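Reading the structure
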Amino acid sequence: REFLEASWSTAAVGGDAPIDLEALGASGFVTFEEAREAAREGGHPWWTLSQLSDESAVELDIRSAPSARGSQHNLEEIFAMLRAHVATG
Amino acid sequence: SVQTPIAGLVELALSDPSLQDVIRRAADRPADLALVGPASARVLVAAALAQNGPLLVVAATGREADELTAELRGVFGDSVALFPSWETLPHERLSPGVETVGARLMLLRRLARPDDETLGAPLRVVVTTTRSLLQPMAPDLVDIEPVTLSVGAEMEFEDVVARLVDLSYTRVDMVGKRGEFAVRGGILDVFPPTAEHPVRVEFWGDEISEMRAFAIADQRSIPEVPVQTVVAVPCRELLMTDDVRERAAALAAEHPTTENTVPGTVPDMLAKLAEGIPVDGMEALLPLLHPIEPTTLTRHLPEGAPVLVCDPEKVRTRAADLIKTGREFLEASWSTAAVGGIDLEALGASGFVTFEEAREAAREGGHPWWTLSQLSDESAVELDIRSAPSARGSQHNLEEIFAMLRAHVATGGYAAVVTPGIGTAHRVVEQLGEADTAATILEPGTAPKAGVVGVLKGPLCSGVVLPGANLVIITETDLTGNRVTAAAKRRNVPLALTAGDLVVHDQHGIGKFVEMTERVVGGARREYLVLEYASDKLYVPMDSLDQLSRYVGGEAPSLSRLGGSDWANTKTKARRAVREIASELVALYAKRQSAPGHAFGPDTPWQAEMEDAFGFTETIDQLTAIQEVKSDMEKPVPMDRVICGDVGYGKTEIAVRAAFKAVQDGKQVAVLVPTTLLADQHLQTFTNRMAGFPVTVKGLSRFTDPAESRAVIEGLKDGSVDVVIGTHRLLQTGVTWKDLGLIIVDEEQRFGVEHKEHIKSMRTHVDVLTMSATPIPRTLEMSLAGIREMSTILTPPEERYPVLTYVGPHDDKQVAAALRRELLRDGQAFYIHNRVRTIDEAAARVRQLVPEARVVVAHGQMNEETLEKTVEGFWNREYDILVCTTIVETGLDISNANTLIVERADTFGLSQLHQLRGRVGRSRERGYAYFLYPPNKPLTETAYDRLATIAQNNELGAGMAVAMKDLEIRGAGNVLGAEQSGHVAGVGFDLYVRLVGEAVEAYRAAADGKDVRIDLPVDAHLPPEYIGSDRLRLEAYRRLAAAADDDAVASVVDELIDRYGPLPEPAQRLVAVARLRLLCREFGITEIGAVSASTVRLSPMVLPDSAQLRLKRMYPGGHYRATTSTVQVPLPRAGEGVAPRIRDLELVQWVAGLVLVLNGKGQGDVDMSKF
Amino acid sequence: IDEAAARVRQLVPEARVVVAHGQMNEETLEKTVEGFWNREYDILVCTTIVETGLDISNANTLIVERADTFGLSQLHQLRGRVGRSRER
């Protein structure tokens, strides 16, 4: 909206007649919900994958892998993990 | 034990061979000892080094020093203290907080007297910041002998107060703040800067007879706290000596300015220092008033005490900011233009030491310099210590961490979970149980037993892992990701009149106060309050003080009345307009009388689970208010309750519990706020505390998109919305609630008048609950308590410290340094400029001062779409400085805004200044406020007094008290529908709402429908030797006269005995005269006066025959005059002669005996000999 | 240039703005540029000589007031110090 009202302002294009800003604004970004509505009305489900927990949702038995974060203790212990995983089978 | 809850766990950690290594290496006192370990091992390394003797530990920031001190107290208790840092720069014209000075000077004294049990246990560890480490001090600070007060000490009363003044204590008439002290006849009240309560010491000659602590509110003693020896250390890091007065005067020759003393400039500082009175901003001139070789903090440490520097890289970069910021404040507060017309390099002696100078000063004094870093270096000793896993927002890590502990204790190792919060131990145990792990809450001070995991309440920030001790410690912060470094005294305590103040007499009207005088009538001194009236002076006696009320109302001064009956006409027509507002006040109660409002059920177990997720401990008034709010919901009568209290006292917390309760009964609640910023603020507060439970919250503000506005929000008929927080959009007609159960209203005074009428409609149907920060006078609080219940919270959770306020000329360098200091701690500032047509230009000036700051304007003339978007950006920290009007400022809650700049402060009333100032410094971070006046113009003397009065925030009666009442006008007007000054001005706000209570009681009694003068020769008064303060002596008069009973009189006496000492004979006689008035009220007597030196008259008495015959035989010479309805009897004689007539108590007893026998009751049924 | 930084401070009040030119002494310049690189500051109002001489991967738009008073190669090396990394 900022770029529309700036690139095509009445001062920017000092023509005799205005440039009809609201006609253009129809082809700008639609809302989040309008996208969701247009997808569902066209036969496309609207699903979701969030990293923040919600008990109204289905949580996956998926955990994040250990990261190093510049810790050599996390480097050798991650080696100590995986070595104990395949040693476990 | 109870004081050292984690002493056992840390001792178990000390079994690790690496930490025992550090013990051995530190025992030989090496020159260098570099250790590398995680941050959470500070408390462990500190405890180790404490096993070889005392030591000083330096953290980077103040908060890191607070956390480490809290951790070390959990292992050593009173044996570890913090050496606090000054809130102000060394050369700033603002003195640090008195409680910061007291703590510093008490610690220094404790280091010099380790066996002085009156100061505390011997110090094992001292924790401090880079600031206090680098800031030099005068080496004679400790030598300053404090005022020591013990029971049995022999001291000369008058040098104690003299010594207290030299210790920078501010003498007052009523102790309210630390550093204050009051003087009475043989009683000294003092509030040491380190005490919890002030102590009242009683003197008998030159010896202390008793010591007892008292509360600031009711000013009365607290017997359940024992008072040992109190040590009154100085309140400023200096002593007021005759040498510093001379050096002030020598310095005062330069920069004289004898006259027209501008409050905040150097001459007013030096002129007062020369007179010998300590003033704010003094510590900056100490290199010139008290020139001595400066020394550092480490000199005070005992010989050989090392210094452990945690994270040296940050202490160095911190130091650079302290040294830079300090120089910027030196160049701003003492630039040539700022002084008026003293070299700054001479003041550099008190400036910050550099990091390397502090290290060399430590070693040259025999104090080793050891470090702890988290980054490894090859020449540094590394400890077999690790940091604990953190489940940062991942609950499978919460199970992984617990599965790790379960594996560790199956091994047979030690595992402890430390929880500083309250009520969080049992849930961690419940968490461990679901993870199939045995857990137990250990008793404080003990170590976990191997095999089971111990949950231990204690102060630990982050966890630690030591395989060498086979111990693994995790904190609740590691489990949640949220810090927590967490009873207090009440608040609400008269009438303070100065020459010229206008007051209201109930029978005469608006007068002008002149004086308090005393006129004697035959040796019987009596005090009088004088009032200047129009065409005249009225002397009101000390038994008619309840007729007085200080005038609040028309800002334009009203016009004094006179002895005519026109004032009575002004009362009558004012009382006909007041009955209308009381009718509509109890008619809503009459609608709330037979309303079929469905009551709510009792609490469900989810209500219990939610209330303990509260991250702070609930105050006593908070839970009582919770007990009433829930109670009103259980009762079938619909609820209408206000809850009053200052910001941050817990009002919103009560609202989230009340709102959550109505959700468990299948009802939805609506929260009304006047501004969209409060909508967003309350929105986040509700989602957070009601998270984890199936409650769907929603918001309807100005900037909520129509894709969710009309859809989700206004879809309240769906019933899927449990609580909506919105502004006046929820009040529009299109709204519709399916089973609306409760309404919560915040700041109803700020709503539109048409909106407020819409809200009043809803009050009859459903329960409502409104929160208010502005109080209402206890008169209306108890007078309209029959149409609306109202709870008050006077217990603050945390202690609020007063914002440090500077008044003085506008100086661009001072403003720049103050805003940059606020910006350094990533805070925000209020810049106030009311002239809207020049506010854009003012913001532009602020940018020129601080190019690196983001500055915006906000004013009422903006359209509320751009204004509230501006305020929203400011709350979300998109802008650092908000340049705004007083209306915009007073109305925002920005806890990160702790700096206030008031340009042209002389154009502001006292109430406006206090309100602007209350918007900063509310949090734990100290606030700063600059009330500046322009130098290009001579400041008016009426502004000088106004600015001077606000220079000291301590303003009991200065005008700040007469401001607080004007904060209650908009509060009383907000409860009494709307304000209508048409009758308030000309009658007085108090007298106006006094008639409210008369009209309310007249209409609450809808089910039911439907002073005595004693002019006797008695020496009855309060001598000024008993109560010197005319403000306090007058209040004593008033409350004695208001006592409606013997028990109330006895309670007033007991208060006088505690506050001021034993009652003198004149004060005893007045108490008996007041008891005689009550006896006259029991029999309806209006006047008892002596018609002559020999005969007394009792005015309203009709005597049946029996009492007429009884009067002749029991009182000869006395007759009864049925016409004037009086009884005239002659006074008996004391001795024998041709003998003085009896006076004083014997007359009071004899007149009471006459009143009894003439009304049937025997002459010996009461005595005035009591008290 | 001091008035220009004030004009843009009014145009965008949520940005942190400074100047950096040649008439400044070198300590002012290399501390100003140090904060700009450390993202203490958002917009750098500067001259042609100082801009062509900084490698700021995060600075990725360039406003040239009065571009008509510039040569093709000066405009070229001006645009060349912007948009070098992953962002356009």
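Definitions and limits used
- Residues numbered from 1 in each chain as written, not as in the entry; some residues may be left out.
- Chains lettered and ligands numbered in written order.
- Part of a larger assembly, values for the part shown.
- Heavy atoms only, no water.
- Residues with missing side-chain atoms left out of burial classes, pairs and counts.
- Core = buried A, V, L, I, M, F, W, Y, C linked by side-chain atoms within 4.5 Å.
- Buried < 20%, exposed > 50% of the residue type's maximum accessible area, 1.4 Å probe, protein only.
- Contact = heavy atoms within 4.5 Å.
- Buried area = accessible area lost by both parts, 1.4 Å probe.
- Polar contact = N/O pair within 3.5 Å; in protein donor to acceptor, adjacent residues only side chain to side chain.
- Nonpolar A, V, L, I, M, F, W, Y, C, P; charged D, E, K, R; others polar.
- Patch = residues over 30% accessible without salt bridge, like charges linked within 9 Å, V, L, I, M, F, W, Y side chains within 5 Å.
- Areas by Shrake-Rupley, 256 points an atom, 1.4 Å probe, with all protein chains shown as cover.
- Salt bridge = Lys/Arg side-chain N within 4 Å of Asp/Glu carboxyl O.
- Helix = DSSP H or I, 4+ residues; strand = E, 2+ residues; numbered from the N terminus.
- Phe/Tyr/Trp six-rings, centres within 6.5 Å; stacked < 30°, edge-to-face > 60°.
- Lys NZ or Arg CZ within 6 Å of the ring centre and 35° of its normal.
- Arc of directions from axis to C-beta.
- 1 Å grid on protein atoms, 1.4 Å probe; cavity = no way out; pocket = protein on both sides within 12 Å on 5 of 7 lines; lining within 4 Å.
- Points joined across faces, edges and corners; volume = space filled by probe spheres on them.
- Axes fitted to C-alpha atoms, helices over the stretch in contact; angles between N-to-C directions.
- Parallel < 35°, antiparallel > 145°, perpendicular 65-115°, else oblique.

As annotated in the PDB entry, chain C carries the name Mycobacterium smegmatis Mfd and is attributed to Mycobacterium smegmatis MC2 155. Recorded in the entry header as its title is "Crystal structure of Mycobacterium smegmatis Mfd at 2.75 A resolution".

Naming follows the PDB entry, where chain A appears as Mycobacterium smegmatis Mfd of Mycobacterium smegmatis MC2 155.

Now for the nonpolar core. By size, the foremost hydrophobic cluster in this structure holds 111 residues, and its most contacted members are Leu149, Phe830, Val883, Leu900, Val902, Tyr930 and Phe931 of chain B. In terms of nonpolar packing, the next biggest core, distinct from the first, is built from 66 residues, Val1052, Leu1078, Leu1111 and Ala1152 of chain B among them.

A few words now on the interface of chain C and chain B. Between chain C and chain B, the contact holds eight residues from the first and eight residues from the second. On the chain C side of the interface with chain B, the three residues burying the most area are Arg9, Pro13 and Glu14 of chain C, jointly 59% of the side's total. The tally of links between chain C and chain B comes to zero residue pairs in polar contact. Grouping the amino acids of the side of chain C that touches chain B by side-chain chemistry returns four nonpolar, one polar and three charged.

Side chains of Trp8, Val13, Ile19 and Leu24 of chain A sit close together on the surface and give an oily, nonpolar patch of about 330 Å² of accessible area. For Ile19 of chain A, the position within the fold is in the loop between α1 (2-7) and α2 (21-24).

Residue and element names in this part refer to chain B. A positive phi angle, near 55°, is found at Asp1144, a position not held by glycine. Mapped onto the elements, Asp1144 comes out in helix α39 (residues 1144-1157). Overall, the relative accessible area of 17% leaves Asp1144 in the buried class.

Moving on: the packing of aromatic side chains. Across all of its chains, the model carries nine aromatic pairs over all chains by this definition. Where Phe32 of chain A meets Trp46 of chain A, the ring centres are 5.6 Å apart and the plane angle is 85°; that geometry is what we call edge-to-face. In this pair, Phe32 of chain A sits in helix α3 (residues 32-41) while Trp46 of chain A sits in the loop between α3 and α4 (72-88), placing the two residues 14 residues apart along the sequence. Judged by its relative accessible area of 29%, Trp46 of chain A falls in the partly exposed class. Judged by centre distance (5.8 Å) and plane angle (75°), the rings of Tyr1115 of chain B and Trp1150 of chain B are edge-to-face. One residue, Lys869 of chain B, lies across the ring of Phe703 of chain B, its end atom 5.3 Å from the ring centre.

Take helix α16 (residues 425-434) of chain B next. All names here are of chain B. Within α16, burial applies to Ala425, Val428, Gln431 and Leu432. Take α16 and look down its axis: the buried residues cluster within an arc of 115°, on one side only. Packing partners of the buried residues in α16 comprise α15 (395-411), β17 (414-418), β18 (439-441), β19 (453-456) and α17 (476-480). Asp436 occupies a position one or two residues after α16 and carries a positive phi of about 60°.

So, about empty space enclosed by the protein. Rolled over the atoms, a probe with the dimensions of a water molecule shows which regions are left empty. All names here are of chain B. The computed volume of the second largest cavity comes to approximately 80 Å³. In this structure, the second largest cavity is lined by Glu92, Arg93, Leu94, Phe329, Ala332, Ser333, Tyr806, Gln814, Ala817 and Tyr930. Residue assignment for the lining of the second largest cavity shows that the elements contributing at least two residues are α11 (312-333) and α26 (812-824). The dominant element in the lining of the second largest cavity, judged by the number of residues it contributes, is α11, at three residues. Taken together, the residues that form the lining of the second largest cavity break down as six nonpolar, two polar and two charged.

All names here are of chain B. One way to put it is that helix α37 (residues 1065-1082) packs onto α39 with a least axis distance of 10 Å and a crossing angle of 10°. In terms of their interaxial angle, α37 and α39 are classed as roughly parallel. Where α37 approaches α39, its residues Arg1069, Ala1072, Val1073, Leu1076 and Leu1079 are matched on the opposing element by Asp1144, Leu1145, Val1148, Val1151, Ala1152, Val1155 and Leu1156. Tallied by class, residues from the contact of α37 with α39 come to ten nonpolar, no polar and two charged.

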